[PDB]
Amino acid sequence: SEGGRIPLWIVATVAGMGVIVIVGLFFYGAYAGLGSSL
Amino acid sequence: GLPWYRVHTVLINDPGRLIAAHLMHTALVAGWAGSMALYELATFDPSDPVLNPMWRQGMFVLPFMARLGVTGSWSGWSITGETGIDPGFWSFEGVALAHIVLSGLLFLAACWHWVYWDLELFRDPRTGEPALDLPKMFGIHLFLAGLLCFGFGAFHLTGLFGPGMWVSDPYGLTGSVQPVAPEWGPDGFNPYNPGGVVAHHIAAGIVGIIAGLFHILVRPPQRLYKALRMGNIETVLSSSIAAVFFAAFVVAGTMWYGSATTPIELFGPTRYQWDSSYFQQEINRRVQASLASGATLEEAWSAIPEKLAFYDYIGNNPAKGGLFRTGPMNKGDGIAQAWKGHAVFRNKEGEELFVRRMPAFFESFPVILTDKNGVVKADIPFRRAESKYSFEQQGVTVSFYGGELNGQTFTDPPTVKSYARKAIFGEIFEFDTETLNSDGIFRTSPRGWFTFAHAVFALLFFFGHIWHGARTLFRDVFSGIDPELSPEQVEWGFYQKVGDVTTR
Amino acid sequence: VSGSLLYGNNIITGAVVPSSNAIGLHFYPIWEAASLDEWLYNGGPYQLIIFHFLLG
Amino acid sequence: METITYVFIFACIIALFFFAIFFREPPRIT
Amino acid sequence: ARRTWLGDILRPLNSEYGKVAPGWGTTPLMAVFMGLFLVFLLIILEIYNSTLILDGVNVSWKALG
Amino acid sequence: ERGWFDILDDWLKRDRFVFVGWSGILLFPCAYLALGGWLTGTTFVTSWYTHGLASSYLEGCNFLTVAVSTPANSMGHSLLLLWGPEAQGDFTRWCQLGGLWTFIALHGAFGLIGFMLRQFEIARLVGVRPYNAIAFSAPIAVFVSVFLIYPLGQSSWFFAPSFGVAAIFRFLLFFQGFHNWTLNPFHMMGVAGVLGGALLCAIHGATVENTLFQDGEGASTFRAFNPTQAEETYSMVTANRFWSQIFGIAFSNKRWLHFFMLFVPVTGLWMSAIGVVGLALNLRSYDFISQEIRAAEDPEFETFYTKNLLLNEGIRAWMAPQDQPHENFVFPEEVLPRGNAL
Amino acid sequence: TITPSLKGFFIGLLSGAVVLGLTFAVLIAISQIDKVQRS
Amino acid sequence: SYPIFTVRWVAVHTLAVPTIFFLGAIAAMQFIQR
Amino acid sequence: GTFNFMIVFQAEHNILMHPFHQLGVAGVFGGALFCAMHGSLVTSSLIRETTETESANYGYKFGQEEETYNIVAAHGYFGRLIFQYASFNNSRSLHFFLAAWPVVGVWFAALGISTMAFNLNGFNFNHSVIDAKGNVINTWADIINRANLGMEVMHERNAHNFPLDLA
Amino acid sequence: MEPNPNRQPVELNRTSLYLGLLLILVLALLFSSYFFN
Amino acid sequence: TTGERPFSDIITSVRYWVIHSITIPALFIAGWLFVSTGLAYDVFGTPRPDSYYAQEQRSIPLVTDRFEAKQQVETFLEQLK
Ligand code: CLA
Ligand code: CLA
Ligand code: CLA
Ligand code: CLA
Ligand code: CLA
Ligand SMILES: CCCCCCCCCCCCCCCC(=O)OC[C@H](COP(=O)(O)OC[C@@H](O)CO)OC(=O)CCCCCCCCCCCCCCC
Ligand SMILES: CC1=C(/C=C/C(C)=C/C=C/C(C)=C/C=C/C=C(C)/C=C/C=C(C)/C=C/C2=C(C)CCCC2(C)C)C(C)(C)CCC1
Ligand SMILES: CC1=C(/C=C/C(C)=C/C=C/C(C)=C/C=C/C=C(C)/C=C/C=C(C)/C=C/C2=C(C)CCCC2(C)C)C(C)(C)CCC1
Ligand SMILES: [Ca+2]
Ligand SMILES: [Ca+2]
Ligand SMILES: [Cl-]
Ligand SMILES: [Cl-]
Ligand SMILES: [Fe+2]
Ligand SMILES: [Mg+2]
């Protein structure tokens with residue numbers, strides 16, 4: 001409820017890490033399964 | 001002083017000189033129409049409506065005269081190929097002369113209106129300031145447009161008092177000017193039904209009369225008067241430009257796709273008739289009907305009108321030109337003289353082979369022959385070292401049916417190849433390339449040139465509309481924004497409603 | 001390959017044409033040619049131009 | 001004639017550069 | 001400003017500059033005609049486009065004969 | 001006057017995080033659907049039945065190769081409405097027939113109208129001149145000429161650009177091989193306006209940043225500016241002297257400078273649009289006739305112009321059978337144009 | 001006769017009128033509930 | 001002190017809601033084998 | 001000759017599919033966009049200093065101390081066009097962005113050419129999508145490939161004696 | 001005749017002359033090849 | 001400011017994260033299952049890897065008729081046995 005409880009630098013670091021993971025998965029998928037040329 | 005791009009703004013508060021400038025513009029346009037018709041008459045060859053019609057000759061205004069019933073010359077010829085006709089005054093020449101005289105009269109009127117600009121008529125009786133009551137002017141002009149539209153439809157197009165309009169069969173073989181009765185059913189909205197054009201003008205005409213009376217008699221609502229700035233002549237410019245670009249896109253579309261008002265005998269065939277082999281299908285139908293009735297192959301093909309075969313040739317497709325390839329279609333492939341006849345290709349085994357036709361997209365196209373099921377049987381190879389389908393290997397021959405080569409067969413590979421190269425263009429014709437020093441490169445017809453100019457001008461007029469609409473609605477700030485503009489009028493949350501000071 | 005106006009080009013087709021593939025990356029100043037006629041055949045102007053231009 | 005035309009237009013543009021630079025209206029602080 | 005015979009005759013036709021009907025006046029009626037016109041254009045467009053296909057309405061050069 | 005219209009007007013024009021306006025009623029649904037349709041198609045939808053291509057993440061494409069592809073050529077210029085005679089209300093079949101293409105193009109077009117109306121509406125409320133809306137006419141002329149007029153002049157929507165990265169690249173190369181579009185002076189003016197605009201953007205940004213007045217003590221100079229300050233933040237006089245001495249000429253009038261920055265890229269885009277209107281009709285700048293007459297008679301005459309046409313002929317022959325599947329092209333190996341070895 | 005595509009046309013027309021009708025109903029409603037404060 | 005359901009709230013969710021749904025879909029796709 | 005260079009470059013490097021050229025395009029399209037944007041916004045907020053019968057340009061005098069437009073009104077406009085925080089209220093920041101966007105993009109364009117110079121080429125997804133049997137399912141990448149092949153086989157038609165074009 | 005009060009003088013400054021001549025000359029240099037064809 | 005709660009307030013609050021540690025994963029999983037169940041293929045009509053061609057077929061199922069296009073696709077789908 002109260003604004004400030006979870007520091008913005010943590011929210012950014014976690015969200016940013018979330019983006020890296022998902023994009024990373026998409027790059028993994030370029031080399032495996034459909035679209036891999038194999 | 002005024003920048004160069006603003007010189008004509010001196011007319012905004014001068015109704016008399018605006019009328020003068022409009023008169024001058026009208027004089028120039030009518031003078032263009034007259035001059036253009038004269039130049040076309042000085043260059044037009046009326047001797048062959050079949051293989052040298054107006055649309056092969058770069059005629060632009062001639063088809064518009066023809067569309068509405070002007071078909072003959074004082075010199076005795078008609079565009080349908082008649083001789084010894086008397087067109088009366090309203091020949092192509094009479095039309096041209098009428099436009100030149102009109103030009104002159106409008107020029108003189110312009111001089112009068114320029115000199116005598118300060119007429120009491122143009123002054124608001126209450127303020128003594130120049131003023132035009134545009135809402136009432138609109139009703140008056142709309143009423144007049146309505147009457148003219150109605151009369152054009154009810155008298156000219158019907159033939160009731162007038163010549164009618166150009167009409168033809170589905171294959172543009174027997175076109176002429178005919179009276180046309182209005183079509184009042186749903187087929188009136190079919191672009192290819194001439195009766196719909198007649199019904200349009202009668203009906204929209206009546207509607208224009210009624211709406212005109214309304215606009216004469218009923219004042220604009222205060223709310224619309226203020227919103228559209230109806231005291232400012234520039235609002236009319238903005239909306240008129242919008243109407244004009246709409247109309248221009250429409251005439252571009254109906255020129256390109258074809259309609260009852262863009263007949264193929266006046267403007268040439270469409271690109272879509274090539275795409276769908278429209279003429280080839282009809283030609284084949286007619287040949288099959290001839291064969292079914294007992295005709296020989298030579299007789300069946302000899303019964304095909306040269307005019308029909310000519311439509312089945314890519315040189316007449318308007319999507320085969322170039323932007324800087326100037327002039328008449330005749331300047332390209334040449335002046336068409338005669339159909340060579342239908343070429344039938346056969347291999348050594350005697351199977352009929354079919355040349356793959358060039359689609360409009362392609363400036364150049366290979367020569368590939370298939371059997372009736374699309375299997376490749378012969379071609380002209382690029383690399384020869386592994387060729388398997390050469391005309392030499394497959395013993396390809398060509399025999400002609402109908403036209404000038406009727407009954408002839410060629411077996412020598414150079415000649416057979418030559419005809420195969422032409423067969424990619426569809427039906428094969430003899431051309432005079434000498435008379436005009438034709439260069440062999442395809443040009444578009446008046447159908448293509450019209451469509452281009454009108455789509456382009458339409459798009460540019462969209463900018464004109466945006467610009468003048470902007471000037472109208474933002475007249476107050478067009479020399480700049482308020483120097484005393486308060487930062488609070490643009491700072492967020494200060495007013496509840498953007499720009500409204502009563503909502504602090 | 002013709003690049004110049006007087007040899008059949010317009011503004012759109014015209015060019016100063018790159019030096020010969022036989023030269024490769026070899027430095028080909030005027031004085032390395034036996035004559036101006038040779039220099040021109042082998043695309044010497046291209047090297048003179050692009051080297052002075054890049055420096056400039 | 002084409003070559004003359006192209007070179008003529010180019011030469012006019014070069015002359016224009018000269019005038020636009022050395023014979024410009026001078027910028028003045030008011 | 002100059003008076004003329006024809007100017008005097010036409011004077012009433014250019015004497016009501018600025019004259020308005022109160023408020024919204026005929027705006028709602030206008031709106032209905034605009035709506036009907038939009039539908040009309042949509043109909044003619046969709047016919048030309050072969051998205052609306054009607055009996056006895058053959059959108060083709062072969063419309064009749 | 002205080003009816004529902006004015007009350008609605010009040011609410012529409014409230015100063016909120018995302019301004020709405022009357023224009024918002026057109027803009028927001030059309031833009032949302034255009035974007036949503038693109039994301040939906042590129043994620044889930046095939047082009048197997050219209051093009052013989054995979055085009056979605058679902059099928060294994062990546063961000064570069066996904067597209068919402070144009071309908072089959074046989075559809076012509078069908079509006080391809082969901083409830084139209086082709087799809088007949090079937091959402092699945094509609095997707096397979098390329099319905100999402102006209103969906104995106106048409107909502108896109110109405111959305112762009114909405115955006116420009118938004119530019120006008122906001123300018124009017126804030127009390128500024130509407131030059132931003134005027135400038136936006138260039139994006140609109142491009143969208144309309146390329147995505148609407150071009151395919152309308154061609155056989156069908158099939159030949160419009162498909163909405164995709166690689167698909168757009170295909171569209172560029174098609175225009176080279178078929179239209180020789182690089183040779184077109186309207187495209188050339190477009191290029192000059194785009195590159196000239198990018199030049200003006202860079203040079204003006206750099207000039208301002210390098211003629212700044214020292215208005216703070218900080219070595220990072222951004223804080224030394226105040227929105228409400230009366231004074232110019234940089235020296236026009238010093239900037240003018242610099243460019244006069246470097247390049248020979250320089251701006252001296254800031255109003256002219258900024259108008260020119262509107263004029264150049266806007267005019268460029270408008271020029272390119274005109275050329276594309278010609279290409280709708282195959283009205284190309286494909287050839288120089290004098291060049292061809294000479295080269296036909298003289299087998300030693302060669303220019304970069306003749307060289308590029310050979311490239312075009314290769315593009316056409318090599319790409320057409322797969323790029324234009326409705327034509328059922330079969331080009332035997334022996335007819336394919338090729339130079340030595342390759 | 002009402003062809004299948006004319007029936008389709010009516011459906012499109014109805015669907016459009018509903019979307020626009022419901023959109024304006026909702027916006028008018030919200031505008032009435034959430035009036036701007038003046039004076 | 002602050003409203004929750006605003007025009008801004010709606011705008012945000014019209015984008016964010018499908019985005020997360022789509023990202024889950026695309027993540028699943030990475031495990032599809034022919 | 002420039003167009004010749006471009007077409008052959010596409011054949012040999014698939015430059016269109018290279019991210020540095022894509023950044024270049026973002027650089028110049030964006031440069032033009034921001035050029036038009038900045039032009040239009042400054043022009044939109046010029047302070048009234050002239051009458052309608054004269055160019056508004058006369059409203060600015062070379063070397064004047066006061067700014068000639070209202071940046072607060074400009075930001076007020078553009079911040080509402082998108083949303084407040086997507087608009088610049090700091091002229092130094094705005095002008096830095098104007099410098100940086102095209103310059104960085106064009107640096108990447110230059111580096112695209114300069115690295116394809118050593119044959120590190122655009123993305124190659126030729127036959128990347130394959131069905132359950134092993135049939136190639138073309139994507140737009142494969143259609144690009146067909147265009148590229150046309151360029152490749154035709155360029156310098158008498159210069160190659162051996163099957164691979166290695167430089 | 002009594003003079004027209006709507007008359008305005010017209011101006012083209014030198015810079016505008018130079019800009020205009022450049023536009024025209026460069027357009028001519030661009031389009032000339034196509035006019036000759 | 002325009003009256004809405006600052007984003008930085010919202011996304012640093014406990015309540016936002018109580019709500020969104022549910023709704024975000026829920027949406028993501030729903031998206032996942034939309035694909036993993038195969039429903040996506042069915043909704044959009046996208047071929048599965050085994051459904052581009054019949055076993056011996058190498059011809060693309062190209063739509064060639066505007067008004068019978070629906071039936072053509074249906075016929076193409078039937079031929080996958
Ligand atoms: C029974 C009476 C009757 C009949 C039989 C007709 C018959 C006809 N009318 Mg008329 N009409 C009538 C009464 C009638 N009308 C009345 C009472 C009015 C009110 C005054 C009108 C007003 C009217 C208008 C405004 C038009 C017609 C048109 C037509 C023709 C339609 C076929 C066609 O070619 O469309 C072709 C035109 C269209 C299919 C309309 C296109 C609409 C576009 C798509 C709207 C968007 C425009 C925008 C600028 C496009 C930008 C994007 C683009 C560049 C991609 C046909 C001759 C049309 C015409 O003149 O055709 C030649 C037309 O535009 N009529
Ligand atoms: C709607 C306009 C229009 C159309 C469609 C036509 C159509 C036609 N005419 Mg007519 N004509 C017209 C108006 C038109 N004319 C006018 C106004 C005149 C008086 C000049 C003429 C005088 C005329 C003559 C004397 C002849 C024709 C002929 C022809 C045919 C060949 C056309 C051709 O080769 O064009 C070529 C078109 C081009 C090369 C395109 C020009 C594009 C310009 C140069 C672009 C300019 C760009 C601009 C400067 C950029 C500014 C940028 C800036 C804003 C930054 C064709 C049927 C020929 C015919 O065969 O007669 C029987 C013929 O001999 N016409
Ligand atoms: C009916 C159509 C129409 C009319 C009556 C006007 C009238 C006006 N315009 Mg608008 N405008 C239009 C359409 C029209 N415009 C279109 C289609 C566009 C986009 C191309 C514009 C874009 C536009 C801009 C950007 C401006 C105007 C301005 C003006 C005003 C001053 C014009 C002037 O002094 O120029 C003087 C022109 C010259 C001295 C030479 C022009 C030479 C042209 C570019 C090339 C040659 C043209 C050729 C002779 C014409 C052939 C006819 C053509 C239809 C084929 C005046 C009220 C100005 C304004 O608002 O002032 C406050 C202004 O800044 N117009
Ligand atoms: C302002 C927002 C807006 C606009 C301008 C459009 C515009 C368009 N839509 Mg989109 N759409 C929208 C919002 C919008 N939509 C929303 C919110 C949704 C989610 C429901 C959709 C979902 C959607 C789908 C699924 C499709 C479209 C399609 C279309 C196109 C054809 C629409 C049509 O023919 O309507 C015709 C109807 C009108 C123009 C309304 C007329 C209203 C008049 C004035 C009143 C008369 C009606 C009367 C009361 C009815 C009596 C009839 C009686 C005789 C039986 C066009 C581009 C189609 C398309 O893109 O195909 C490629 C399509 O398939 N839309
Ligand atoms: C980018 C497009 C665009 C923009 C930004 C403007 C902007 C402007 N217009 Mg112009 N206008 C346009 C295109 C545009 N117009 C088109 C294509 C036409 C038809 C010819 C017009 C006709 C026009 C007139 C007659 C007038 C204006 C005026 C104005 C001004 C006031 C705002 C207004 O009236 O909007 C008008 C509203 C719109 C453009 C939005 C229309 C949205 C439609 C109804 C949605 C239709 C959905 C459709 C039915 C779905 C089916 C699709 C089908 C393909 C299946 C402003 C300068 C007025 C002005 O100048 O006052 C001084 C004025 O009098 N406009
Ligand atoms: C620090 C990162 C450096 C990145 C590369 C350089 C970018 C900036 C240079 C552009 C030159 C423009 C012409 C001069 C324009 C000019 O004169 O600039 C002036 C401007 C302000 O000057 P100041 O003097 O205030 O500050 C610089 C120093 O004096 C230290 O205070 O300089 C900067 O803002 C530098 C910012 C560095 C941090 C910016 C990083 C942004 C790039 C991020 C990279 C992402 C790309 C990914 C691709 C997908
Ligand atoms: C006075 C008089 C007279 C007479 C008259 C006359 C003689 C006339 C005329 C006239 C004329 C004779 C005219 C004309 C005209 C023209 C024109 C007006 C034109 C134009 C043009 C243009 C505008 C163009 C353009 C262009 C170009 C150039 C190129 C390409 C593009 C374009 C198309 C854009 C008379 C005895 C009756 C009587 C009374 C008096
Ligand atoms: C079509 C349609 C519709 C609709 C729909 C929609 C509206 C949708 C939506 C949707 C959506 C709305 C979606 C989405 C999404 C998304 C996504 C998928 C995303 C993503 C992303 C990403 C992946 C990112 C990344 C990145 C970037 C770009 C930047 C920087 C970095 C990175 C790399 C991080 C309807 C029903 C009416 C009807 C019919 C049709
Ligand atoms: Ca000769
Ligand atoms: Ca498997
Ligand atoms: Cl080469
Ligand atoms: Cl080699
Ligand atoms: Fe600036
Ligand atoms: Mg994968």
# chains A, B, ... in the order shown; residues from 1 in each chain; ligands from 1
$ residues_around --residues "residue 76 in chain I" --least-positions-apart "5" --cutoff "10 Å" --atoms "only C-alpha atoms" --output "NGL selection string"
(:B and (487-492)) or (:F and (122-123 or 126-128)) or (:I and (70-71 or 81 or 83-84 or 87-89))
$ residues_near_ligand --ligand "ligand 14" --cutoff "8 Å" --atoms "only C-alpha atoms and all ligand atoms" --output "number ranges by chain"
A: 26, 28-36; F: 60; H: 29-33
$ residues_near_ligand --ligand "ligand 11" --cutoff "12 Å" --atoms "only C-alpha atoms and all ligand atoms" --output "MDAnalysis selection string"
(chainID C and resid 1) or (chainID F and resid 302:314 338:339) or (chainID I and resid 1:12 150:160)
$ atom_distance --atom1 "CA of residue 242 in chain B" --atom2 "atom 18 (C, counted along the ligand's line) of ligand 1"
17.3 Å
$ residues_near_ligand --ligand "ligand 7" --cutoff "8 Å" --atoms "only C-alpha atoms and all ligand atoms" --output "short mmCIF file (atom, residue, chain, number, x, y, z; two decimals) with N, CA and C atoms, in the first residue's frame"
data_model
loop_
_atom_site.label_atom_id
_atom_site.label_comp_id
_atom_site.auth_asym_id
_atom_site.auth_seq_id
_atom_site.Cartn_x
_atom_site.Cartn_y
_atom_site.Cartn_z
N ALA B 27 -10.25 31.31 -68.17
CA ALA B 27 -9.84 31.64 -69.54
C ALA B 27 -8.65 30.77 -69.97
N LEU B 28 -7.68 30.60 -69.06
CA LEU B 28 -6.49 29.79 -69.34
C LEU B 28 -6.85 28.33 -69.57
N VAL B 29 -7.73 27.79 -68.73
CA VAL B 29 -8.12 26.38 -68.81
C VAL B 29 -8.90 26.12 -70.11
N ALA B 30 -9.83 27.02 -70.43
CA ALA B 30 -10.64 26.88 -71.64
C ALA B 30 -9.75 27.07 -72.87
N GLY B 31 -8.80 28.01 -72.77
CA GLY B 31 -7.78 28.19 -73.81
C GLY B 31 -6.89 26.96 -73.99
N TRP B 32 -6.54 26.30 -72.88
CA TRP B 32 -5.83 25.02 -72.97
C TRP B 32 -6.64 23.97 -73.71
N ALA B 33 -7.91 23.83 -73.35
CA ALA B 33 -8.78 22.82 -73.97
C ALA B 33 -8.86 23.04 -75.47
N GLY B 34 -9.04 24.30 -75.87
CA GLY B 34 -9.08 24.67 -77.28
C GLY B 34 -7.79 24.37 -78.02
N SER B 35 -6.66 24.80 -77.45
CA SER B 35 -5.34 24.59 -78.04
C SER B 35 -5.00 23.11 -78.15
N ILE B 100 -11.87 28.33 -77.57
CA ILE B 100 -11.00 29.49 -77.83
C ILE B 100 -11.78 30.81 -77.69
N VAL B 101 -12.98 30.86 -78.26
CA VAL B 101 -13.80 32.08 -78.14
C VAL B 101 -14.21 32.33 -76.68
N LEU B 102 -14.57 31.26 -75.97
CA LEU B 102 -14.92 31.36 -74.56
C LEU B 102 -13.74 31.93 -73.78
N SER B 103 -12.55 31.40 -74.08
CA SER B 103 -11.33 31.86 -73.44
C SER B 103 -11.21 33.37 -73.58
N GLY B 104 -11.36 33.87 -74.81
CA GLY B 104 -11.28 35.31 -75.11
C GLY B 104 -12.30 36.16 -74.35
N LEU B 105 -13.55 35.69 -74.31
CA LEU B 105 -14.61 36.40 -73.59
C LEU B 105 -14.38 36.44 -72.09
N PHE B 107 -11.40 36.28 -70.70
CA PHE B 107 -10.26 37.19 -70.58
C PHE B 107 -10.74 38.64 -70.47
N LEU B 108 -11.64 39.04 -71.37
CA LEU B 108 -12.19 40.39 -71.36
C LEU B 108 -12.96 40.69 -70.07
#
$ interface_residues --of "chain I" --to "chain D" --cutoff "10 Å" --atoms "only C-alpha atoms" --output "number ranges by chain"
I: 61-64
$ residues_around --residues "residue 15 in chain K" --least-positions-apart "5" --cutoff "12 Å" --atoms "only C-alpha atoms" --output "count of residues only"
11
$ interface_residues --of "chain B" --to "chain I" --cutoff "6 Å" --atoms "only C-alpha atoms" --output "count of residues only"
7
$ residues_near_ligand --ligand "ligand 2" --cutoff "8 Å" --atoms "only C-alpha atoms and all ligand atoms" --output "MDAnalysis selection string"
(chainID B and resid 32 36 39:40 43:44 55 57:60 323:329 445:454) or (chainID F and resid 186 267:268 271) or (chainID J and resid 23 27 31 34:35)
$ closest_atom_pairs --of "chain F" --to "chain A" --cutoff "9 Å" --atoms "only C-alpha atoms" --output "tab-separated table"
residue	atom	partner	partner_atom	distance
F:57	CA	A:35	CA	8.8
F:58	CA	A:34	CA	8.5
F:59	CA	A:34	CA	6.7
F:60	CA	A:35	CA	4.2
F:61	CA	A:35	CA	5.8
F:62	CA	A:30	CA	7.6
$ write_last_selection --atoms "N, CA and C atoms" --output "PDB file, in the first residue's frame"
ATOM      1  N   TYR F  57       6.176 -16.558 -35.064  1.00  0.00           N
ATOM      2  CA  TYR F  57       7.007 -17.221 -34.043  1.00  0.00           C
ATOM      3  C   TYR F  57       6.534 -18.651 -33.850  1.00  0.00           C
ATOM      4  N   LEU F  58       5.219 -18.857 -33.893  1.00  0.00           N
ATOM      5  CA  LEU F  58       4.663 -20.198 -33.730  1.00  0.00           C
ATOM      6  C   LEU F  58       5.288 -21.205 -34.692  1.00  0.00           C
ATOM      7  N   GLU F  59       5.567 -20.778 -35.921  1.00  0.00           N
ATOM      8  CA  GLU F  59       6.129 -21.678 -36.935  1.00  0.00           C
ATOM      9  C   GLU F  59       7.650 -21.775 -36.911  1.00  0.00           C
ATOM     10  N   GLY F  60       8.292 -20.937 -36.101  1.00  0.00           N
ATOM     11  CA  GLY F  60       9.752 -20.935 -35.983  1.00  0.00           C
ATOM     12  C   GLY F  60      10.491 -19.717 -36.533  1.00  0.00           C
ATOM     13  N   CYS F  61       9.761 -18.719 -37.024  1.00  0.00           N
ATOM     14  CA  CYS F  61      10.387 -17.464 -37.458  1.00  0.00           C
ATOM     15  C   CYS F  61      10.921 -16.667 -36.266  1.00  0.00           C
ATOM     16  N   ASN F  62      11.869 -15.770 -36.538  1.00  0.00           N
ATOM     17  CA  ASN F  62      12.382 -14.861 -35.528  1.00  0.00           C
ATOM     18  C   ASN F  62      11.859 -13.434 -35.804  1.00  0.00           C
TER      19      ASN F  62
END
$ residues_around --residues "residue 81 in chain K" --least-positions-apart "4" --cutoff "10 Å" --atoms "only C-alpha atoms" --output "short mmCIF file (atom, residue, chain, number, x, y, z; two decimals) with N, CA and C atoms, in the first residue's frame"
data_model
loop_
_atom_site.label_atom_id
_atom_site.label_comp_id
_atom_site.auth_asym_id
_atom_site.auth_seq_id
_atom_site.Cartn_x
_atom_site.Cartn_y
_atom_site.Cartn_z
N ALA K 54 0.91 -33.10 -47.33
CA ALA K 54 0.66 -34.54 -47.29
C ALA K 54 1.98 -35.27 -47.53
N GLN K 55 2.02 -36.56 -47.21
CA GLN K 55 3.27 -37.31 -47.19
C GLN K 55 4.12 -37.21 -48.47
N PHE K 76 -7.85 -28.43 -49.12
CA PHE K 76 -6.42 -28.63 -48.84
C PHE K 76 -6.23 -29.37 -47.50
N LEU K 77 -7.01 -28.98 -46.50
CA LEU K 77 -6.93 -29.58 -45.16
C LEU K 77 -7.39 -31.04 -45.13
#
$ closest_residue --among "H:34, H:24, H:8, H:16" --to "chain F" --atoms "only C-alpha atoms"
H:8
$ residues_near_ligand --ligand "ligand 8" --cutoff "7 Å" --atoms "only C-alpha atoms and all ligand atoms" --output "list in words"
residues 19 and 23 of chain A; 32, 33, 35, 36, 37, 39, 40 and 100 of chain F; 14, 15, 18, 19, 22 and 23 of chain H
$ atom_distance --atom1 "CA of residue 246 in chain F" --atom2 "CA of residue 54 in chain C"
17.4 Å
